[PDB]
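A.B. asks: Below is the sequence, then the experimental coordinates.
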Amino acid sequence: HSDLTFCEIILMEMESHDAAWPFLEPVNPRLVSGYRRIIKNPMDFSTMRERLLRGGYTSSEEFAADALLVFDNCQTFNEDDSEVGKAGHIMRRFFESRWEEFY
Ligand SMILES: CCC(=O)c1c[nH]c(C(=O)OC)c1
C-alpha cells in the first residue's frame, strides 16, 4: 500500500496540475453535444477521488486503468489541437511519467 499511497500522491498532483481543468469534474452531457453518444465510460479526477477515499480500489492497476480512461476519452472526443485535447496530452504524459518513474 505504498501502492495506494502513491495513488494518492499522483492523484493529488494531477488534481493540482495547471492542465487539469478539463478533468476535475465529470463532463456535463447537457452542455457538451454528442458526449453522451460518443463516450461510453466517462471518467474524471473527482470520480477517481471519491472511489479512492472510500477505498474502492483493490490495487494500483485498477487506479491506473481509470486514469488512462480519462485520457482515452479525451482523445476520443476532442481534437488533438483543441484546448481540451492539448490539456489532455499534457496530463496524459504527466501521469505516465510519474507512474512509471515509481513502478
Ligand atoms: C463544448 C465543450 C467541450 O467540447 C468539452 C468540454 N469538456 C470536454 C472534455 O472532454 O473534458 C474531459 C469537452
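C.D. replies: Everything's here; your move. Numbers count the residues shown, from 1 in each chain.

A.B. asks: What's the nearest residue in the protein when you look at the ligand?
C.D. replies: residue 22 (3.7 Å; Cβ to the nearest ligand atom). No exception for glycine: its C-beta is placed from N, CA and C like everyone else's.

A.B. asks: Nearest residue to that residue in space, ignoring adjacent ones along the chain?
C.D. replies: residue 84 (4.6 Å; Cβ to Cβ, 6 or more residues apart in numbering).

A.B. asks: For the one you found, give its distance to residue 37.
C.D. replies: 17 Å (Cβ to Cβ, to the nearest Å).

A.B. asks: Ok, residue 86 next?
C.D. replies: 23 Å.

A.B. asks: Residue 23 too?
C.D. replies: Distance, residue 23 to residue 37, by Cβ to Cβ: 20 Å.

A.B. asks: same deal with residue 100?
C.D. replies: Where residue 37 is concerned, residue 100 sits at a distance of 34 Å (Cβ to Cβ).

A.B. asks: The residue nearest to residue 22: which element?
C.D. replies: Assigned by DSSP states H and E, residue 84 falls within helix 83-100.
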